[PDB]
Amino acid sequence: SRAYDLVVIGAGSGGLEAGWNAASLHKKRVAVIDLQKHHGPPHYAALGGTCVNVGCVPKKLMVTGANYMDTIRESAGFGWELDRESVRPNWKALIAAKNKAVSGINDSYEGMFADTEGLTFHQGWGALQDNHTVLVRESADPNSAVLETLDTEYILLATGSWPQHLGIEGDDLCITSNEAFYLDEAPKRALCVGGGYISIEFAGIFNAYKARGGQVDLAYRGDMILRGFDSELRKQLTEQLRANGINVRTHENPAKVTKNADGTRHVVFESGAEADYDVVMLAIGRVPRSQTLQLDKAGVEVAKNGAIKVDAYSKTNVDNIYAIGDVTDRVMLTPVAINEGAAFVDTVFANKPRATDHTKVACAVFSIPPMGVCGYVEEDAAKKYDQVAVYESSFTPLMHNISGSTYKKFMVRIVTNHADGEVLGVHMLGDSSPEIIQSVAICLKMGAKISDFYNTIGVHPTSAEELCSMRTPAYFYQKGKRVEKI
Amino acid sequence: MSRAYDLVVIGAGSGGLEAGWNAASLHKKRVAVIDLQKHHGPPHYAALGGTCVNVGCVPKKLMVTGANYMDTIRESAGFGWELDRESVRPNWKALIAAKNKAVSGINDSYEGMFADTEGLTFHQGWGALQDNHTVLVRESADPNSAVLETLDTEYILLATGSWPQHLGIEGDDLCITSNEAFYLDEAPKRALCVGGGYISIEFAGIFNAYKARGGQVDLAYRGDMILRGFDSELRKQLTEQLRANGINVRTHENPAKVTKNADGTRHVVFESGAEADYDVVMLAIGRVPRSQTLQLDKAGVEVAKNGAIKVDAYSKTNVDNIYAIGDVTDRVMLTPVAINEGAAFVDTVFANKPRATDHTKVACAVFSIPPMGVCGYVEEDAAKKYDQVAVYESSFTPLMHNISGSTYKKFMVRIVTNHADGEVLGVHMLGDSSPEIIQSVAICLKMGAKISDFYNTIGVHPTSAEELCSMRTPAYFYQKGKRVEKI
Ligand SMILES: Cc1cc2nc3c(=O)[nH]c(=O)nc-3n(C[C@H](O)[C@H](O)[C@H](O)COP(=O)(O)OP(=O)(O)OC[C@H]3O[C@@H](n4cnc5c(N)ncnc54)[C@H](O)[C@H]3O)c2cc1C
Ligand SMILES: Cc1cc2nc3c(=O)[nH]c(=O)nc-3n(C[C@H](O)[C@H](O)[C@H](O)COP(=O)(O)OP(=O)(O)OC[C@H]3O[C@@H](n4cnc5c(N)ncnc54)[C@H](O)[C@H]3O)c2cc1C
Ligand SMILES: NC(=O)c1ccc[n+]([C@H]2O[C@@H](COP(=O)([O-])OP(=O)(O)OC[C@H]3O[C@@H](n4cnc5c(N)ncnc54)[C@H](OP(=O)(O)O)[C@@H]3O)[C@H](O)[C@H]2O)c1
Ligand SMILES: NC(=O)c1ccc[n+]([C@H]2O[C@@H](COP(=O)([O-])OP(=O)(O)OC[C@H]3O[C@@H](n4cnc5c(N)ncnc54)[C@H](OP(=O)(O)O)[C@@H]3O)[C@H](O)[C@H]2O)c1
């Protein structure tokens, strides 16, 4: 028997879920380790992990702020008069408010530890000495002071992921989203590099808060942003992004970043194009944060990219060490890590083997306008099924007639297995699609068919009723081939 | 002859237009649609597109969108937006002008549809029946007016909608109803909405945003609490949030006499003996089936005591070739329910695809500020129909509103279930976006979802809708009709 039942390394969405359920629902001695207790430099994350501190929660408060540049512009069309020249955004006030809010969640979690018997927080760098001994050192350097040594039954690794760096000359003058949450002034000219959702979301933020002559550029090495998402939506989002002032640059990737005399960055693009920017933000990928846990010391196998390898039940190759969340590089989303933490406590401390279903998980992109997506994209479904039907509706929501932002089309598209009518993926662009898609993913867990959609009576006037208005396929794929008739 | 027309539709509203257009376009019949007017406005208000396009859903939602801006411009200050907050002014004439050109564009679209659907024709005037195979198109509602046309038809479809109800009181002619509210040339300073339904609570939101600076909007309603028929908790939260935004909710209040002051404004004396004075007194206390000028006795069609045309599952009347759909039948009064009914009618009769419209678990949204999204049964009803009811409840302030300053804005979702098998019987939400969330929840409820279907879906974060998936434990129960607590 050991001093601790469970030692969780990482106090994030996964680790906090597993830690609280094991101590509370199962009366275990759980020790949770994290570097920091309040959000901020030097480690950015703290209690609550990347979601609370430098992820979902601060980013969404900041996208809600970014949104008012649009709604103040659009109130003109509904008769709201005001001195439009006085309208100035204020970055410092936004950052102060954000900071205020995340500090509350940090304090919420000291309360959780202080009120759960068996749950204790232990601040520092956790590293493995063998599969029953976790060390808490002062810093990642394996020659720093060990602050305490914990003897334990099971170990759960929930260390998350870290921004990926480009190895170009000048990478150290670029920032990543961690530092974007702590900037002092909003950049007048900014470069976001990557076409994934963290890039697009931050481009929407910077675009709203820049000084009046400013410009935001989004650079992407590929052909069209947001690879892996539905093509048509990717095409449509690129236009609304450009219609709000962003210079989307595809097939573009930086080569050298140099600091200019004033402190701005001089980028030389792989194309030979050059430009100067107040801030260059690297949002090119999040890599699994496993590289300093001394996993080698306990025999845990990691992947090429550093992902800790785990089976369906999150077990590694060492029988009492499990790993969950982003470090396992399965679907990197907060709900998915929370699920995995709950399954693990059932598997290990309740002996109810549970496995997280990583399929049909729905996700949103909080761009302006937003996206809400779930299940297959037609190219994939087309590969796995002989007859796929694709449905799509597109319309400007009426308020946008009167508002002036006529470039804002709501778009909804549905991919089905044409044989049985089962819905395989629903993809949406427009406001409120993050909210609409949550209820759509429930339908998709239950095996909804397309007649289940169009036999439901609509709620009018709403965009979401278009989901129940599509009864005829726009086109098909018969045996991998796009086709118009079957 | 043969019979000159296949179907004559009286009423070019939601269900009428659905039927007339599907029957001619898809089944090639010769269809005559009758309406009083081609473009919105006085004197009839409703025109092509009916009540919803001209004086109902579409104008009301645009004016609700405008009304919202009072709160979004207020709330931007918490997120660092700086502006001359003194200079903010609503301008009602600009709202009505924009609204009016958005509605007239839709009237032009319908016009084009008659122009290019071969077989479909608009006929204009008052439609009345002569016998079950002859519709008269008269000059006006008067049974004596000149009859401009006589249509010899096989089928008659009655899709005439409903109309505002009036109080019997002295002064009733000084009050307006929602038809005129869409046409006010000046937003009222002080205004009273009487009624506790969705139209009333909706116009209190609109007048409250556009009033001049010291204005007041009062909503009077004779019951104990507004929006009878909805979730009890949600009616308490909506009343407090209405109040928190400046609307004075006077319950157990009903006008007794309205009189005109010298200055123009109206003086209302409540039955309580309370009295006040207002620019506008709007009455939103009920909608009557509009069937009285039709001469249904000539064809022998039976109507309910409130004017509702009595119909069966297939919308057929007691006269076999006459059918009725939409609000004139008084089943569920909503545009999507009339549309479904219209399409089911053309399948049954012309496509030999018999379809009764299902009127259970129809979702509906109340576009108040904040809005509500509702589908299925309220717990007090479920408790009378099932021996074991569990209520799951969750309410939270979006952290958005900690920063925004509107801390009164609680989001709330309440789920009612049959506790034996855990099927979800009703989902009821209050809060922003709830009308977009409930549509997709109505699909789950028609499939027969159980609450394990909800809490085993992985959430999308950060959203309000993800509370639907984070409810695992019942708050209290109803065992054999009594609110129990451990079951
Ligand atoms: C900018 C951005 C936006 C995002 N937005 C969304 C969104 O809106 N929705 C969504 O669902 N997902 C979003 N994500 C992702 C989401 O934050 C992650 O999926 C999720 O937090 C990962 O969960 P986790 O349990 O693996 O731990 P994480 O939440 O990353 O937590 C990891 C924890 O381990 C700690 N740590 C690291 N190594 C050690 C060590 N040796 N000792 C001790 N502690 C250590 C980190 O300090 C710590 O906080 C976003 C991510 C980013 C970066
Ligand atoms: C203020 C308001 C807001 C509403 N908001 C919503 C909402 O957001 N969502 C929703 O689902 N529902 C809403 N409704 C209800 C919805 O508008 C109606 O349920 C729907 O339009 C009814 O469809 P209908 O086919 O019965 O006829 P209607 O659309 O009312 O059409 C009736 C048609 O018949 C014509 N007519 C009547 N008598 C004759 C005659 N003798 N000859 C010729 N023509 C005649 C009327 O002029 C004509 O427009 C609202 C209604 C109002 C009043
Ligand atoms: N919508 C969702 O919520 C969702 C979606 C997907 C993933 N995830 C998850 O995955 C994480 C990382 O997100 P991310 O936004 O950083 O996106 P990611 O999609 O890998 O973003 C990388 C982007 O940069 C490009 N890129 C990658 N490596 C590059 C390189 N070396 N040089 C140049 N460009 C390069 C990629 O182009 P290519 O696309 O051509 O590689 C892609 O456009 C999230 O934190 C995690 O939550 C969530
Ligand atoms: N949420 C929705 O979308 C919703 C809800 C229900 C129905 N509907 C649909 O069906 C309809 C009828 O619903 P409604 O809400 O308008 O119905 P209603 O109850 O007739 O609405 C009238 C409102 O005024 C009150 N009232 C009625 N007669 C009164 C009188 N003579 N004296 C004083 N006040 C009186 C009613 O109170 P009491 O309740 O005390 O009578 C209620 O508060 C609508 O036309 C229709 O579009 C929609």
# chains A, B, ... in the order shown; residues from 1 in each chain; ligands from 1
$ residues_near_ligand --ligand "ligand 2" --cutoff "6 Å" --atoms "only C-alpha atoms and all ligand atoms" --output "ChimeraX atom specification"
/A:460-461 /B:10-16,34-36,46-47,50-52,56-57,126-128,159-162,178,199,293-294,326-328,333-336,338
$ closest_atom_pairs --of "chain A" --to "ligand 3" --cutoff "6 Å" --atoms "only C-alpha atoms and all ligand atoms" --output "Markdown table"
| residue | atom | partner | partner_atom_place_in_ligand_line | distance |
| --- | --- | --- | --- | --- |
| A:166 | CA | ligand 3 | 31 (N) | 5.6 |
| A:194 | CA | ligand 3 | 24 (O) | 3.5 |
| A:195 | CA | ligand 3 | 43 (O) | 3.4 |
| A:196 | CA | ligand 3 | 15 (O) | 3.9 |
| A:197 | CA | ligand 3 | 15 (O) | 4.2 |
| A:198 | CA | ligand 3 | 15 (O) | 3.9 |
| A:199 | CA | ligand 3 | 15 (O) | 5.9 |
| A:221 | CA | ligand 3 | 34 (N) | 5.6 |
| A:222 | CA | ligand 3 | 40 (O) | 5.2 |
| A:226 | CA | ligand 3 | 43 (O) | 5.9 |
| A:227 | CA | ligand 3 | 39 (O) | 4.7 |
| A:283 | CA | ligand 3 | 16 (O) | 5.0 |
| A:284 | CA | ligand 3 | 24 (O) | 3.5 |
| A:285 | CA | ligand 3 | 16 (O) | 3.4 |
| A:286 | CA | ligand 3 | 12 (C) | 4.7 |
| A:332 | CA | ligand 3 | 46 (C) | 4.2 |
| A:333 | CA | ligand 3 | 47 (O) | 4.7 |
| A:363 | CA | ligand 3 | 3 (O) | 4.9 |
| A:364 | CA | ligand 3 | 1 (N) | 5.4 |
| A:365 | CA | ligand 3 | 1 (N) | 5.2 |
$ select_by_dssp --residues "region 196-383 of chain A" --states "helix (DSSP H, G or I)" --output "JSON, numbers by chain"
{"A": [197, 198, 199, 200, 201, 202, 203, 204, 205, 206, 207, 208, 209, 231, 232, 233, 234, 235, 236, 237, 238, 239, 240, 241, 242, 243, 295, 296, 297, 298, 325, 326, 327, 328, 334, 335, 336, 337, 338, 339, 340, 341, 342, 343, 344, 345, 346, 347, 348, 349, 378, 379, 380, 381, 382, 383]}
$ residues_near_ligand --ligand "ligand 1" --cutoff "6 Å" --atoms "only C-alpha atoms and all ligand atoms" --output "PyMOL selection string"
(chain A and resi 9-15+33-35+45-47+49-51+54-56+124-127+158-161+177+198+293+325-327+332-335+337) or (chain B and resi 461-462)
$ residues_near_ligand --ligand "ligand 4" --cutoff "7 Å" --atoms "only C-alpha atoms and all ligand atoms" --output "list in words"
residues 167, 194, 195, 196, 197, 198, 199, 221, 222, 223, 226, 227, 228, 254, 284, 285, 286, 287, 332, 333, 334, 364, 365 and 366 of chain B
$ atom_distance --atom1 "CA of residue 218 (chain A)" --atom2 "CA of residue 162 (chain A)"
21.0 Å
$ atom_distance --atom1 "CA of residue 75 (chain B)" --atom2 "CA of residue 459 (chain A)"
27.9 Å
$ residues_around --residues "residue 314 (chain A)" --least-positions-apart "6" --cutoff "7 Å" --atoms "only C-alpha atoms" --output "list in words"
residues 322, 323 and 324 of chain A
$ closest_residue --among "A:77, A:369, A:480, A:263" --to "residue 201 (chain A)" --atoms "only C-alpha atoms"
A:369
$ closest_residue --among "A:238, A:456, A:367, A:152" --to "chain B" --atoms "only C-alpha atoms"
A:456
$ residues_around --residues "residue 381 (chain A)" --least-positions-apart "4" --cutoff "12 Å" --atoms "only C-alpha atoms" --output "ChimeraX atom specification"
/A:230,375-377,385-390,414-418,422-426,476-482
$ write_last_selection --atoms "N, CA, C and O atoms" --output "CSV table (one decimal), in the first residue's frame"
chain,number,residue,atom,x,y,z
A,230,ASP,N,-15.0,21.3,-44.0
A,230,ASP,CA,-15.8,21.2,-45.2
A,230,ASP,C,-15.3,22.3,-46.2
A,230,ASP,O,-15.3,23.5,-45.9
A,375,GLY,N,-19.1,15.3,-37.2
A,375,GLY,CA,-19.1,14.1,-38.1
A,375,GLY,C,-18.4,14.4,-39.4
A,375,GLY,O,-17.6,15.3,-39.6
A,376,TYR,N,-18.6,13.6,-40.4
A,376,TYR,CA,-17.9,13.5,-41.7
A,376,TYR,C,-18.1,14.7,-42.6
A,376,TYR,O,-19.1,15.3,-42.8
A,377,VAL,N,-17.0,14.9,-43.3
A,377,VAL,CA,-16.9,15.8,-44.4
A,377,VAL,C,-17.2,14.9,-45.6
A,377,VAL,O,-16.7,13.7,-45.6
A,385,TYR,N,-18.5,5.0,-48.3
A,385,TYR,CA,-19.8,4.5,-48.5
A,385,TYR,C,-20.2,4.7,-50.0
A,385,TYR,O,-19.8,5.7,-50.6
A,386,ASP,N,-20.8,3.7,-50.6
A,386,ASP,CA,-21.0,3.7,-52.0
A,386,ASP,C,-21.9,4.8,-52.5
A,386,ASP,O,-21.8,5.2,-53.7
A,387,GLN,N,-22.9,5.2,-51.7
A,387,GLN,CA,-23.7,6.3,-52.2
A,387,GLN,C,-23.9,7.3,-51.1
A,387,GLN,O,-24.4,6.9,-50.0
A,388,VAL,N,-23.3,8.5,-51.3
A,388,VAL,CA,-23.4,9.5,-50.3
A,388,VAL,C,-24.2,10.6,-50.9
A,388,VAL,O,-24.1,10.9,-52.1
A,389,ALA,N,-25.1,11.2,-50.1
A,389,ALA,CA,-25.9,12.4,-50.6
A,389,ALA,C,-25.5,13.6,-50.0
A,389,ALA,O,-25.2,13.6,-48.7
A,390,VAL,N,-25.4,14.8,-50.6
A,390,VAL,CA,-25.0,16.0,-50.0
A,390,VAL,C,-26.1,17.0,-50.2
A,390,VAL,O,-26.6,17.3,-51.3
A,414,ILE,N,-25.4,19.0,-45.2
A,414,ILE,CA,-25.6,17.7,-44.6
A,414,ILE,C,-25.1,16.6,-45.5
A,414,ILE,O,-25.5,16.5,-46.7
A,415,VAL,N,-24.3,15.7,-45.0
A,415,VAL,CA,-23.8,14.5,-45.7
A,415,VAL,C,-24.5,13.3,-45.1
A,415,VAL,O,-24.5,13.0,-43.9
A,416,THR,N,-25.1,12.4,-46.0
A,416,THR,CA,-25.8,11.3,-45.5
A,416,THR,C,-25.3,10.0,-46.2
A,416,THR,O,-24.7,10.1,-47.4
A,417,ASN,N,-25.5,8.9,-45.6
A,417,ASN,CA,-25.3,7.6,-46.3
A,417,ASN,C,-26.6,7.5,-47.0
A,417,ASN,O,-27.7,7.4,-46.4
A,418,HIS,N,-26.6,7.6,-48.4
A,418,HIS,CA,-27.8,7.6,-49.2
A,418,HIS,C,-28.6,6.3,-49.1
A,418,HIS,O,-29.8,6.4,-49.3
A,422,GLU,N,-28.9,7.8,-43.1
A,422,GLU,CA,-28.3,8.1,-41.9
A,422,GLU,C,-27.5,9.4,-42.1
A,422,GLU,O,-26.9,9.5,-43.1
A,423,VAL,N,-27.5,10.3,-41.1
A,423,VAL,CA,-26.7,11.5,-41.2
A,423,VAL,C,-25.4,11.3,-40.7
A,423,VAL,O,-25.2,10.8,-39.6
A,424,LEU,N,-24.4,11.6,-41.5
A,424,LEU,CA,-23.0,11.3,-41.3
A,424,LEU,C,-22.2,12.5,-40.8
A,424,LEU,O,-21.1,12.4,-40.3
A,425,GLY,N,-22.6,13.7,-41.1
A,425,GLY,CA,-21.9,14.9,-40.7
A,425,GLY,C,-22.7,16.1,-41.1
A,425,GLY,O,-23.4,16.2,-42.1
A,426,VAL,N,-22.8,17.1,-40.2
A,426,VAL,CA,-23.6,18.3,-40.4
A,426,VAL,C,-22.6,19.5,-40.3
A,426,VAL,O,-21.8,19.5,-39.3
A,476,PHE,N,-24.3,14.0,-55.4
A,476,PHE,CA,-24.0,12.7,-54.8
A,476,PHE,C,-22.6,12.4,-55.1
A,476,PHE,O,-22.0,13.1,-55.9
A,477,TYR,N,-22.2,11.3,-54.5
A,477,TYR,CA,-21.0,10.5,-54.8
A,477,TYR,C,-21.4,9.1,-54.9
A,477,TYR,O,-21.9,8.5,-53.9
A,478,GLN,N,-21.2,8.5,-56.0
A,478,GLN,CA,-21.5,7.1,-56.3
A,478,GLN,C,-20.1,6.5,-56.4
A,478,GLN,O,-19.4,7.0,-57.3
A,479,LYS,N,-19.8,5.6,-55.5
A,479,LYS,CA,-18.5,4.9,-55.6
A,479,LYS,C,-17.3,5.8,-55.7
A,479,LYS,O,-16.6,5.8,-56.7
A,480,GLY,N,-17.2,6.7,-54.7
A,480,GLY,CA,-16.1,7.7,-54.7
A,480,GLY,C,-16.2,8.8,-55.7
A,480,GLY,O,-15.5,9.8,-55.6
A,481,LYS,N,-17.2,8.8,-56.7
A,481,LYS,CA,-17.2,9.8,-57.7
A,481,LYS,C,-18.2,10.8,-57.6
A,481,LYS,O,-19.4,10.5,-57.4
A,482,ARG,N,-18.0,12.2,-57.6
A,482,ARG,CA,-19.0,13.1,-57.5
A,482,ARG,C,-19.9,13.0,-58.8
A,482,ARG,O,-19.4,13.0,-59.9
$ atom_distance --atom1 "CA of residue 322 (chain B)" --atom2 "CA of residue 132 (chain B)"
7.2 Å
